[PDB]
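Asker: Input protein12.pdb, format and content: PDB, N, CA and C atoms.
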```pdb
ATOM      1  N   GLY A   1     -26.598  29.181   1.912
ATOM      2  CA  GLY A   1     -26.738  28.275   0.786
ATOM      3  C   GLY A   1     -25.519  27.394   0.597
ATOM      4  N   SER A   2     -25.284  26.972  -0.642
ATOM      5  CA  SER A   2     -24.147  26.114  -0.954
ATOM      6  C   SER A   2     -24.028  25.894  -2.459
ATOM      7  N   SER A   3     -22.995  25.162  -2.864
ATOM      8  CA  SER A   3     -22.765  24.883  -4.277
ATOM      9  C   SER A   3     -21.666  23.838  -4.451
ATOM     10  N   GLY A   4     -21.453  23.412  -5.692
ATOM     11  CA  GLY A   4     -20.433  22.420  -5.972
ATOM     12  C   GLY A   4     -19.776  22.629  -7.322
ATOM     13  N   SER A   5     -19.142  21.581  -7.839
ATOM     14  CA  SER A   5     -18.465  21.656  -9.127
ATOM     15  C   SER A   5     -18.451  20.295  -9.815
ATOM     16  N   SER A   6     -18.404  20.309 -11.144
ATOM     17  CA  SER A   6     -18.391  19.077 -11.922
ATOM     18  C   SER A   6     -17.556  19.242 -13.188
ATOM     19  N   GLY A   7     -17.137  18.120 -13.765
ATOM     20  CA  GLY A   7     -16.337  18.162 -14.975
ATOM     21  C   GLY A   7     -16.688  17.047 -15.941
ATOM     22  N   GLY A   8     -15.673  16.494 -16.598
ATOM     23  CA  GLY A   8     -15.900  15.420 -17.547
ATOM     24  C   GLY A   8     -14.952  15.480 -18.729
ATOM     25  N   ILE A   9     -15.374  16.160 -19.790
ATOM     26  CA  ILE A   9     -14.555  16.290 -20.988
ATOM     27  C   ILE A   9     -13.351  17.191 -20.736
ATOM     28  N   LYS A  10     -12.170  16.711 -21.110
ATOM     29  CA  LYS A  10     -10.940  17.473 -20.929
ATOM     30  C   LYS A  10     -10.119  17.496 -22.214
ATOM     31  N   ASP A  11      -9.085  18.329 -22.235
ATOM     32  CA  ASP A  11      -8.219  18.445 -23.403
ATOM     33  C   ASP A  11      -7.345  17.204 -23.555
ATOM     34  N   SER A  12      -6.730  17.061 -24.725
ATOM     35  CA  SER A  12      -5.869  15.916 -25.001
ATOM     36  C   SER A  12      -4.611  16.349 -25.747
ATOM     37  N   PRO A  13      -3.500  15.642 -25.493
ATOM     38  CA  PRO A  13      -2.213  15.934 -26.130
ATOM     39  C   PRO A  13      -2.209  15.590 -27.615
ATOM     40  N   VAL A  14      -1.913  16.583 -28.448
ATOM     41  CA  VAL A  14      -1.875  16.385 -29.891
ATOM     42  C   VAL A  14      -0.509  15.879 -30.340
ATOM     43  N   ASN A  15       0.518  16.694 -30.126
ATOM     44  CA  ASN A  15       1.877  16.330 -30.509
ATOM     45  C   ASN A  15       2.405  15.199 -29.630
ATOM     46  N   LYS A  16       3.141  14.277 -30.240
ATOM     47  CA  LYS A  16       3.707  13.146 -29.514
ATOM     48  C   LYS A  16       5.099  13.480 -28.987
ATOM     49  N   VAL A  17       5.358  13.114 -27.735
ATOM     50  CA  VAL A  17       6.650  13.372 -27.115
ATOM     51  C   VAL A  17       7.791  12.862 -27.988
ATOM     52  N   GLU A  18       7.691  11.604 -28.406
ATOM     53  CA  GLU A  18       8.716  10.995 -29.247
ATOM     54  C   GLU A  18       8.184   9.737 -29.927
ATOM     55  N   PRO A  19       8.871   9.310 -30.998
ATOM     56  CA  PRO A  19       8.487   8.118 -31.759
ATOM     57  C   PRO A  19       8.718   6.830 -30.976
ATOM     58  N   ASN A  20       9.155   6.973 -29.729
ATOM     59  CA  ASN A  20       9.414   5.820 -28.873
ATOM     60  C   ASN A  20       8.132   5.341 -28.200
ATOM     61  N   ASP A  21       6.996   5.652 -28.815
ATOM     62  CA  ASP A  21       5.701   5.253 -28.277
ATOM     63  C   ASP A  21       5.743   3.815 -27.771
ATOM     64  N   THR A  22       6.484   2.966 -28.477
ATOM     65  CA  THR A  22       6.606   1.563 -28.101
ATOM     66  C   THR A  22       6.673   1.403 -26.587
ATOM     67  N   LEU A  23       7.159   2.435 -25.908
ATOM     68  CA  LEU A  23       7.276   2.410 -24.454
ATOM     69  C   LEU A  23       5.913   2.602 -23.796
ATOM     70  N   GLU A  24       5.188   3.625 -24.235
ATOM     71  CA  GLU A  24       3.867   3.916 -23.689
ATOM     72  C   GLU A  24       3.118   2.627 -23.363
ATOM     73  N   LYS A  25       3.343   1.598 -24.172
ATOM     74  CA  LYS A  25       2.691   0.309 -23.972
ATOM     75  C   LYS A  25       3.295  -0.426 -22.779
ATOM     76  N   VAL A  26       4.548  -0.847 -22.922
ATOM     77  CA  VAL A  26       5.241  -1.560 -21.856
ATOM     78  C   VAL A  26       5.010  -0.891 -20.506
ATOM     79  N   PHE A  27       4.967   0.438 -20.511
ATOM     80  CA  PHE A  27       4.753   1.199 -19.285
ATOM     81  C   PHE A  27       3.526   0.690 -18.536
ATOM     82  N   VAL A  28       2.434   0.486 -19.268
ATOM     83  CA  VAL A  28       1.195   0.001 -18.674
ATOM     84  C   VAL A  28       0.941  -1.457 -19.046
ATOM     85  N   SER A  29       1.919  -2.072 -19.704
ATOM     86  CA  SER A  29       1.801  -3.464 -20.121
ATOM     87  C   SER A  29       2.589  -4.379 -19.188
ATOM     88  N   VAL A  30       3.838  -4.009 -18.922
ATOM     89  CA  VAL A  30       4.697  -4.795 -18.044
ATOM     90  C   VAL A  30       4.928  -4.079 -16.718
ATOM     91  N   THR A  31       5.220  -2.785 -16.793
ATOM     92  CA  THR A  31       5.464  -1.985 -15.599
ATOM     93  C   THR A  31       5.659  -0.516 -15.952
ATOM     94  N   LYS A  32       5.154   0.366 -15.095
ATOM     95  CA  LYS A  32       5.273   1.802 -15.314
ATOM     96  C   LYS A  32       6.708   2.269 -15.085
ATOM     97  N   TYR A  33       7.443   1.526 -14.266
ATOM     98  CA  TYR A  33       8.828   1.866 -13.963
ATOM     99  C   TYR A  33       9.742   0.660 -14.166
ATOM    100  N   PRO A  34      10.124   0.415 -15.428
ATOM    101  CA  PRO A  34      11.001  -0.704 -15.787
ATOM    102  C   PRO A  34      12.429  -0.504 -15.288
ATOM    103  N   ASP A  35      13.275  -1.501 -15.519
ATOM    104  CA  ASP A  35      14.669  -1.435 -15.095
ATOM    105  C   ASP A  35      15.607  -1.666 -16.275
ATOM    106  N   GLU A  36      16.879  -1.326 -16.088
ATOM    107  CA  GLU A  36      17.877  -1.495 -17.138
ATOM    108  C   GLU A  36      17.595  -2.751 -17.959
ATOM    109  N   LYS A  37      17.453  -3.879 -17.272
ATOM    110  CA  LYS A  37      17.181  -5.149 -17.934
ATOM    111  C   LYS A  37      16.303  -4.944 -19.164
ATOM    112  N   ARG A  38      15.246  -4.155 -19.005
ATOM    113  CA  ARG A  38      14.327  -3.879 -20.103
ATOM    114  C   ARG A  38      14.943  -2.895 -21.093
ATOM    115  N   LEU A  39      15.509  -1.813 -20.569
ATOM    116  CA  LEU A  39      16.134  -0.795 -21.407
ATOM    117  C   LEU A  39      17.128  -1.424 -22.379
ATOM    118  N   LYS A  40      17.760  -2.510 -21.950
ATOM    119  CA  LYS A  40      18.732  -3.210 -22.782
ATOM    120  C   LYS A  40      18.167  -3.471 -24.175
ATOM    121  N   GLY A  41      16.932  -3.961 -24.227
ATOM    122  CA  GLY A  41      16.299  -4.245 -25.500
ATOM    123  C   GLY A  41      15.976  -2.986 -26.281
ATOM    124  N   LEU A  42      15.058  -2.183 -25.753
ATOM    125  CA  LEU A  42      14.658  -0.942 -26.408
ATOM    126  C   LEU A  42      15.871  -0.210 -26.973
ATOM    127  N   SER A  43      16.949  -0.172 -26.195
ATOM    128  CA  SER A  43      18.172   0.498 -26.618
ATOM    129  C   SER A  43      18.441   0.255 -28.100
ATOM    130  N   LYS A  44      18.268  -0.990 -28.530
ATOM    131  CA  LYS A  44      18.489  -1.357 -29.923
ATOM    132  C   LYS A  44      17.217  -1.173 -30.744
ATOM    133  N   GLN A  45      16.100  -1.664 -30.214
ATOM    134  CA  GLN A  45      14.818  -1.551 -30.898
ATOM    135  C   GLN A  45      14.616  -0.143 -31.450
ATOM    136  N   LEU A  46      14.698   0.848 -30.570
ATOM    137  CA  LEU A  46      14.524   2.241 -30.968
ATOM    138  C   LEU A  46      15.873   2.936 -31.122
ATOM    139  N   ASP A  47      16.920   2.145 -31.325
ATOM    140  CA  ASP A  47      18.265   2.684 -31.492
ATOM    141  C   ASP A  47      18.521   3.819 -30.508
ATOM    142  N   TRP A  48      18.015   3.665 -29.289
ATOM    143  CA  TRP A  48      18.188   4.678 -28.255
ATOM    144  C   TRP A  48      19.169   4.206 -27.188
ATOM    145  N   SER A  49      19.382   5.039 -26.175
ATOM    146  CA  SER A  49      20.301   4.708 -25.092
ATOM    147  C   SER A  49      19.543   4.484 -23.787
ATOM    148  N   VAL A  50      19.968   3.479 -23.028
ATOM    149  CA  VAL A  50      19.332   3.160 -21.756
ATOM    150  C   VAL A  50      18.943   4.427 -21.003
ATOM    151  N   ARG A  51      19.845   5.403 -20.991
ATOM    152  CA  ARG A  51      19.597   6.665 -20.306
ATOM    153  C   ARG A  51      18.558   7.495 -21.054
ATOM    154  N   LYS A  52      18.837   7.780 -22.322
ATOM    155  CA  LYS A  52      17.928   8.565 -23.148
ATOM    156  C   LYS A  52      16.492   8.074 -22.993
ATOM    157  N   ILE A  53      16.309   6.761 -23.073
ATOM    158  CA  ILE A  53      14.984   6.165 -22.939
ATOM    159  C   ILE A  53      14.364   6.505 -21.589
ATOM    160  N   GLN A  54      15.060   6.147 -20.516
ATOM    161  CA  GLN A  54      14.576   6.417 -19.167
ATOM    162  C   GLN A  54      13.817   7.739 -19.114
ATOM    163  N   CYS A  55      14.470   8.808 -19.556
ATOM    164  CA  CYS A  55      13.857  10.131 -19.558
ATOM    165  C   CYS A  55      12.449  10.078 -20.140
ATOM    166  N   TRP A  56      12.308   9.391 -21.268
ATOM    167  CA  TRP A  56      11.012   9.264 -21.928
ATOM    168  C   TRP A  56       9.966   8.703 -20.971
ATOM    169  N   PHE A  57      10.327   7.635 -20.266
ATOM    170  CA  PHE A  57       9.419   7.003 -19.317
ATOM    171  C   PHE A  57       8.955   8.001 -18.261
ATOM    172  N   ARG A  58       9.913   8.645 -17.601
ATOM    173  CA  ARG A  58       9.604   9.623 -16.566
ATOM    174  C   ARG A  58       8.638  10.682 -17.089
ATOM    175  N   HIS A  59       8.865  11.125 -18.322
ATOM    176  CA  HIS A  59       8.016  12.137 -18.940
ATOM    177  C   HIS A  59       6.619  11.584 -19.207
ATOM    178  N   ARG A  60       6.557  10.326 -19.630
ATOM    179  CA  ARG A  60       5.283   9.679 -19.924
ATOM    180  C   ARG A  60       4.249  10.004 -18.849
ATOM    181  N   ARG A  61       4.535   9.593 -17.619
ATOM    182  CA  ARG A  61       3.630   9.838 -16.503
ATOM    183  C   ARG A  61       3.125  11.278 -16.517
ATOM    184  N   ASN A  62       4.056  12.225 -16.559
ATOM    185  CA  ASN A  62       3.705  13.640 -16.577
ATOM    186  C   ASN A  62       2.584  13.911 -17.575
ATOM    187  N   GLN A  63       2.778  13.461 -18.810
ATOM    188  CA  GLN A  63       1.782  13.655 -19.858
ATOM    189  C   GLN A  63       0.453  13.015 -19.472
ATOM    190  N   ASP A  64       0.517  11.783 -18.979
ATOM    191  CA  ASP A  64      -0.681  11.059 -18.571
ATOM    192  C   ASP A  64      -1.453  11.840 -17.511
ATOM    193  N   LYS A  65      -0.793  12.122 -16.394
ATOM    194  CA  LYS A  65      -1.416  12.864 -15.303
ATOM    195  C   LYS A  65      -2.130  14.105 -15.828
ATOM    196  N   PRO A  66      -3.083  14.619 -15.035
ATOM    197  CA  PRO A  66      -3.857  15.810 -15.399
ATOM    198  C   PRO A  66      -3.013  17.079 -15.373
ATOM    199  N   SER A  67      -1.794  16.965 -14.854
ATOM    200  CA  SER A  67      -0.889  18.105 -14.768
ATOM    201  C   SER A  67       0.065  18.132 -15.958
ATOM    202  N   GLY A  68       0.089  19.259 -16.663
ATOM    203  CA  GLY A  68       0.960  19.394 -17.816
ATOM    204  C   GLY A  68       0.570  20.559 -18.704
ATOM    205  N   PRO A  69       0.830  21.785 -18.227
ATOM    206  CA  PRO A  69       0.508  23.008 -18.970
ATOM    207  C   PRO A  69       1.396  23.190 -20.196
ATOM    208  N   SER A  70       2.498  22.448 -20.240
ATOM    209  CA  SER A  70       3.432  22.531 -21.357
ATOM    210  C   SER A  70       2.689  22.501 -22.689
ATOM    211  N   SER A  71       2.616  23.655 -23.345
ATOM    212  CA  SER A  71       1.931  23.763 -24.628
ATOM    213  C   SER A  71       2.926  24.020 -25.756
ATOM    214  N   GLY A  72       3.525  22.948 -26.263
ATOM    215  CA  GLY A  72       4.490  23.077 -27.339
ATOM    216  C   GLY A  72       5.336  24.327 -27.213
TER     217      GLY A  72
END
```
How does this structure look as structure tokens?
Answerer:
Amino acid sequence: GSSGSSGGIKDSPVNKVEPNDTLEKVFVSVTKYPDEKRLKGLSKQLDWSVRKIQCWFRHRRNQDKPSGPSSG
């Protein structure tokens, strides 16, 4: 015989990584992997640091992807 598998509805992230959501947009608005040039602005916008922000971006993808068992 034989068999298969199917899906569809999946879980969703409740808690937000950070209030820097403003990035979530640019990530898929201008580029998923921006450069300092961009960080220069956000740095002030979200009173964050070019470095601190970067981390947020890298994490973004993780959350997006289907991989992420991290449960608060």
Asker: Quick one: residues within 8 Å of residue A:32, only N, CA and C atoms, excluding same-chain residues fewer than 5 positions away - as a PyMOL selection string?
Answerer: chain A and resi 25-27+57-58
Asker: Please compute the atom CA of residue A:4-atom CA of residue A:61 distance, one decimal, in Å.
Answerer: 29.1 Å
Asker: As a PyMOL selection string, please: every residue in chain A that a backbone DSSP assignment puts in alpha helix (DSSP H).
Answerer: chain A and resi 22-29+36-45+50-64
Asker: Would you mind reading off the distance between atom CA of residue A:72 and atom CA of residue A:53, one decimal, in Å?
Answerer: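 Going from atom CA of residue A:72 over to atom CA of residue A:53 covers 20.4 Å.
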Asker: Once the PyMOL selection byres (((chain A and resi 66-69 and name CA) around 10) and name CA) is applied to the coordinates I shared, what remains selected? I want it as a ChimeraX atom specification.
Answerer: /A:10-13,61-65,70-72
Asker: Of the candidates A:45, A:17, A:38, A:29, which shows the shortest atom-to-atom distance to residue A:60, using only C-alpha atoms?
Answerer: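 The answer is A:17, which sits nearest to residue A:60.
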Asker: Distance atom CA of residue A:44-atom C of residue A:15, one decimal place?
Answerer: 23.1 Å
Asker: Step by step, work through what the PyMOL selection byres (((chain A and resi 39 and name CA) around 10) and name CA) selects in the shown file, and finish by giving those residues as a list in words.
Answerer: residues 23, 34, 35, 36, 37, 38, 40, 41, 42, 43, 44, 45, 48, 49, 50, 51, 52, 53 and 54 of chain A
Asker: Any chance you could export stretch 11-52 of chain A with N, CA and C atoms, as an mmCIF file, in the first residue's frame?
Answerer:
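Final file, out-v8.cif:
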```
data_model
loop_
_atom_site.group_PDB
_atom_site.id
_atom_site.type_symbol
_atom_site.label_atom_id
_atom_site.label_comp_id
_atom_site.auth_asym_id
_atom_site.auth_seq_id
_atom_site.Cartn_x
_atom_site.Cartn_y
_atom_site.Cartn_z
ATOM 1 N N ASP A 11 0.436 27.193 14.173
ATOM 2 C CA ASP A 11 0.458 28.110 15.306
ATOM 3 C C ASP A 11 1.029 29.464 14.898
ATOM 4 N N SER A 12 0.837 30.463 15.753
ATOM 5 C CA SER A 12 1.330 31.809 15.480
ATOM 6 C C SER A 12 1.927 32.434 16.736
ATOM 7 N N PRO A 13 2.949 33.282 16.545
ATOM 8 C CA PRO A 13 3.629 33.963 17.650
ATOM 9 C C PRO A 13 2.749 35.019 18.311
ATOM 10 N N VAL A 14 2.538 34.876 19.615
ATOM 11 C CA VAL A 14 1.717 35.818 20.365
ATOM 12 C C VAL A 14 2.540 37.009 20.840
ATOM 13 N N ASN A 15 3.528 36.740 21.686
ATOM 14 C CA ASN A 15 4.391 37.789 22.216
ATOM 15 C C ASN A 15 5.290 38.357 21.122
ATOM 16 N N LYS A 16 5.494 39.670 21.153
ATOM 17 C CA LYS A 16 6.335 40.337 20.166
ATOM 18 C C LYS A 16 7.784 40.402 20.640
ATOM 19 N N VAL A 17 8.712 40.099 19.738
ATOM 20 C CA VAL A 17 10.132 40.126 20.064
ATOM 21 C C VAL A 17 10.525 41.454 20.700
ATOM 22 N N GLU A 18 10.152 42.550 20.046
ATOM 23 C CA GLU A 18 10.466 43.883 20.549
ATOM 24 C C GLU A 18 9.590 44.937 19.879
ATOM 25 N N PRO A 19 9.503 46.119 20.508
ATOM 26 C CA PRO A 19 8.701 47.232 19.993
ATOM 27 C C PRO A 19 9.298 47.840 18.727
ATOM 28 N N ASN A 20 10.388 47.247 18.250
ATOM 29 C CA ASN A 20 11.055 47.729 17.046
ATOM 30 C C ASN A 20 10.393 47.165 15.793
ATOM 31 N N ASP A 21 9.125 46.790 15.919
ATOM 32 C CA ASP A 21 8.376 46.237 14.797
ATOM 33 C C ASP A 21 8.652 47.023 13.519
ATOM 34 N N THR A 22 8.808 48.336 13.660
ATOM 35 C CA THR A 22 9.073 49.201 12.518
ATOM 36 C C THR A 22 10.008 48.526 11.522
ATOM 37 N N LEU A 23 10.839 47.617 12.019
ATOM 38 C CA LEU A 23 11.783 46.897 11.172
ATOM 39 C C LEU A 23 11.073 45.821 10.357
ATOM 40 N N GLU A 24 10.267 45.009 11.032
ATOM 41 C CA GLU A 24 9.529 43.941 10.369
ATOM 42 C C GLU A 24 9.065 44.379 8.983
ATOM 43 N N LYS A 25 8.734 45.659 8.854
ATOM 44 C CA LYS A 25 8.274 46.207 7.584
ATOM 45 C C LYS A 25 9.435 46.352 6.602
ATOM 46 N N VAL A 26 10.349 47.267 6.906
ATOM 47 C CA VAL A 26 11.508 47.502 6.052
ATOM 48 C C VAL A 26 12.137 46.187 5.605
ATOM 49 N N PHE A 27 12.149 45.208 6.504
ATOM 50 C CA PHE A 27 12.722 43.901 6.203
ATOM 51 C C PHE A 27 12.148 43.342 4.905
ATOM 52 N N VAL A 28 10.828 43.422 4.765
ATOM 53 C CA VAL A 28 10.154 42.924 3.572
ATOM 54 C C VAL A 28 9.676 44.074 2.691
ATOM 55 N N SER A 29 10.059 45.293 3.060
ATOM 56 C CA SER A 29 9.667 46.478 2.306
ATOM 57 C C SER A 29 10.817 46.971 1.433
ATOM 58 N N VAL A 30 11.998 47.090 2.031
ATOM 59 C CA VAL A 30 13.177 47.550 1.309
ATOM 60 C C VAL A 30 14.169 46.411 1.095
ATOM 61 N N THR A 31 14.410 45.638 2.148
ATOM 62 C CA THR A 31 15.337 44.515 2.077
ATOM 63 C C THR A 31 15.344 43.724 3.380
ATOM 64 N N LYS A 32 15.470 42.406 3.265
ATOM 65 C CA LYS A 32 15.492 41.534 4.433
ATOM 66 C C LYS A 32 16.805 41.682 5.197
ATOM 67 N N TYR A 33 17.852 42.090 4.488
ATOM 68 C CA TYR A 33 19.164 42.269 5.099
ATOM 69 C C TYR A 33 19.739 43.642 4.761
ATOM 70 N N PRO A 34 19.301 44.666 5.509
ATOM 71 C CA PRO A 34 19.758 46.044 5.310
ATOM 72 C C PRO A 34 21.214 46.237 5.723
ATOM 73 N N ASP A 35 21.726 47.445 5.518
ATOM 74 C CA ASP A 35 23.106 47.760 5.871
ATOM 75 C C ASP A 35 23.166 48.966 6.803
ATOM 76 N N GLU A 36 24.318 49.160 7.439
ATOM 77 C CA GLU A 36 24.504 50.276 8.359
ATOM 78 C C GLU A 36 23.748 51.511 7.876
ATOM 79 N N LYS A 37 23.993 51.897 6.628
ATOM 80 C CA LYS A 37 23.337 53.060 6.044
ATOM 81 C C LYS A 37 21.914 53.204 6.571
ATOM 82 N N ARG A 38 21.180 52.096 6.591
ATOM 83 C CA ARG A 38 19.803 52.099 7.072
ATOM 84 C C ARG A 38 19.760 52.185 8.595
ATOM 85 N N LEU A 39 20.566 51.357 9.252
ATOM 86 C CA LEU A 39 20.620 51.339 10.710
ATOM 87 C C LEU A 39 20.832 52.744 11.265
ATOM 88 N N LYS A 40 21.554 53.569 10.515
ATOM 89 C CA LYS A 40 21.826 54.940 10.928
ATOM 90 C C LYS A 40 20.544 55.643 11.360
ATOM 91 N N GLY A 41 19.495 55.501 10.555
ATOM 92 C CA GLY A 41 18.226 56.127 10.871
ATOM 93 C C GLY A 41 17.554 55.500 12.077
ATOM 94 N N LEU A 42 17.151 54.242 11.940
ATOM 95 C CA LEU A 42 16.490 53.527 13.027
ATOM 96 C C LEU A 42 17.169 53.819 14.362
ATOM 97 N N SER A 43 18.498 53.828 14.355
ATOM 98 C CA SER A 43 19.267 54.092 15.565
ATOM 99 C C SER A 43 18.607 55.186 16.400
ATOM 100 N N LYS A 44 18.168 56.248 15.732
ATOM 101 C CA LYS A 44 17.518 57.362 16.410
ATOM 102 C C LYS A 44 16.014 57.132 16.517
ATOM 103 N N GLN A 45 15.401 56.725 15.409
ATOM 104 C CA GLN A 45 13.967 56.468 15.381
ATOM 105 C C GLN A 45 13.533 55.661 16.600
ATOM 106 N N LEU A 46 14.152 54.500 16.785
ATOM 107 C CA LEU A 46 13.830 53.633 17.913
ATOM 108 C C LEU A 46 14.859 53.786 19.028
ATOM 109 N N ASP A 47 15.558 54.916 19.030
ATOM 110 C CA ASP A 47 16.570 55.188 20.045
ATOM 111 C C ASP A 47 17.397 53.940 20.336
ATOM 112 N N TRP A 48 17.694 53.177 19.290
ATOM 113 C CA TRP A 48 18.478 51.956 19.434
ATOM 114 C C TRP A 48 19.879 52.138 18.862
ATOM 115 N N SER A 49 20.677 51.075 18.911
ATOM 116 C CA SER A 49 22.043 51.120 18.401
ATOM 117 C C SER A 49 22.185 50.252 17.154
ATOM 118 N N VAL A 50 22.936 50.751 16.177
ATOM 119 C CA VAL A 50 23.154 50.022 14.933
ATOM 120 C C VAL A 50 23.328 48.530 15.193
ATOM 121 N N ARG A 51 24.102 48.201 16.222
ATOM 122 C CA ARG A 51 24.350 46.809 16.577
ATOM 123 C C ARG A 51 23.101 46.171 17.179
ATOM 124 N N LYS A 52 22.596 46.770 18.252
ATOM 125 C CA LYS A 52 21.405 46.261 18.923
ATOM 126 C C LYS A 52 20.315 45.922 17.911
#
```
